[PDB]
Structures are given as structure tokens and as C-alpha cells.
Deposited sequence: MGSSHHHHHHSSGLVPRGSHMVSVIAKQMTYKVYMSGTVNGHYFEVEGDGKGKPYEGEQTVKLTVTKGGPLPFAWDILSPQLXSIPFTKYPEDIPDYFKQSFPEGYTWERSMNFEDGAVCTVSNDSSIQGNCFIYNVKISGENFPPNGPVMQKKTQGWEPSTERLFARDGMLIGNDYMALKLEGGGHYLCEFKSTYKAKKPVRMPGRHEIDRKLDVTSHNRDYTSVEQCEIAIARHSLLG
């Protein structure tokens, strides 16, 4: 098996949010065929971050998605060569993040190299004021276009006080070799920061991701 029942990963993140440069490194692990994973992150430059951790969390592992047998797994198939992706996060207050990734493999361990640029978070908004309280469970909707997978997800951050802060995700996933393409399908996810030190220079997250047919 190119992809084992138990795998680890390494993530290298770098970027700028509202002009603040940072880097994050992480060690992850999980069960690719069960859609379960966890990761432990360390802020290696620019910490403590002056912005909400929640905006980094969806950039920090799609091979850990449970696909049923009858839906081709674009992500697992891409290995050993791997894939890249591009994503924009378009917040309801005009803030935008642009994200890019390379995903490769080293034995039983994935390597992710992720780059983020976030701009125009309002100084007094929930991201710069660290008032977000994690993402709601979501359903990303995916389809094939020219050997790529196109994803869209209407995401929502919880707010201190009980409101929500909306964000349109648009993602394009690109295998490095041609793979068997799936039809239209959806991935249900839950993503949670499970713990952190008090200044978020160490942070742990978990994700459950499961694919199913579209209606």
C-alpha cells in the first residue's frame, strides 16, 4: 500500500496576515481510510500571532478523508506523486485569504508545504480581536473539471456572543498525474482546535472528513 492504514504527516506553513509574517510547523497523524486525523502545531516565527488561529486551521490534509468504494478517491490516487491546491477564503466583511499547497509523501508520512496571504481583516473585527470560536461542521461540494477537482464550501466561524461570521471557500485541487475522476460528491467535515497553550504558540487540532454522493 502506497497509503497505509496508519500514517503521519509534517506541515510547513508560512505567510502574512494583515502584513504580519509568521511560520508554523506541525506533526500530524491519523487513519486515512477512516477520515480521522490530529495535528500538533508549533509557531516557529512571528509568534504569538496577533490574529485568530481559526483562519489557519483549514490549511493545516485531504488524504485523511474516508471515501466509499464507489467514489474514486482523487487524493489518495495521486500518490506517490501527490497533488497541489489553491484556495481563497472570502469573508463576509471583505477580508480575503489566499492559500496554496504542495502535498508529497515520504514513506508513511505526508509532507505539506502551505503558503497563506490574508488581507484586510478589520482591526476591530473578530479575527484581529481574537473573538472567533471555531468553525461549524461543513459540507464541501466537489466536481471534476479538466482533471482537477473543484470544491466550494459555505463556511461559518462561531463568535463570542453567539453570532456567526461567514466565509466562502473556493478550492481547486490538482493531482500531479492523471487519476480516475469522481462524479459530483460532497465531503462532510468537523474541524476543532482541541487544546492550545495560552498564547497559541502550541496548538492541537483534529478533523473528521467523510465523502458521500451528492443528492
task: Spell out the unmodelled ranges of the deposited sequence for me, N- to C-terminal, numbering from the first residue.
output: 1 to 22, 83, 239 to 240
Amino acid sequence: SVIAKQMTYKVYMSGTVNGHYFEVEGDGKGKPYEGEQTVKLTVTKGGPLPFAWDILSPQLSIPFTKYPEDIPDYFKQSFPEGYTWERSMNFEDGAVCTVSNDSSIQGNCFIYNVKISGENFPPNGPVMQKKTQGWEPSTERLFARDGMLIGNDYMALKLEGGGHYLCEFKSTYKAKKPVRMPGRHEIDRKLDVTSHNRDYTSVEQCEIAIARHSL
From here on, numbers count along this sequence of modelled residues.
- prompt: Is the mean CA B factor in the deposited entry higher across 151 to 159 or across 174 to 182?
  reply: 174 to 182
task: Would you determine, from the values in the PDB entry, which of 88 to 96 and 101 to 109 has the greater average C-alpha temperature factor?
output: 101 to 109
message: I'd like to know which of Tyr33, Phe51, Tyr165, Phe169 has the highest C-alpha temperature factor in the PDB entry.
response: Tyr33
task: Could you say which of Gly28, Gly47, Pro68, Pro58 has its CA atom at the highest B factor, as listed in the PDB entry?
output: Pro68
query: Considering only modelled residues of the same chain, in which third does the CA B-factor of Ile187 rank: lowest, middle or highest?
result: middle
task: Taking the chain's C-alpha temperature factors as the reference, tell me which third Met128 falls into: lowest, middle or highest.
output: middle
- request: Could you look up the Cα B-factor of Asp199 in the entry and say which third of the chain it sits in: lowest, middle or highest?
  value: highest
- line: Binned into thirds over the chain's modelled residues, the C-alpha B-factor of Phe121 lands in the middle
- prompt: Compared with the other modelled residues in the chain, in which third is the CA B-factor of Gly134?
  reply: lowest
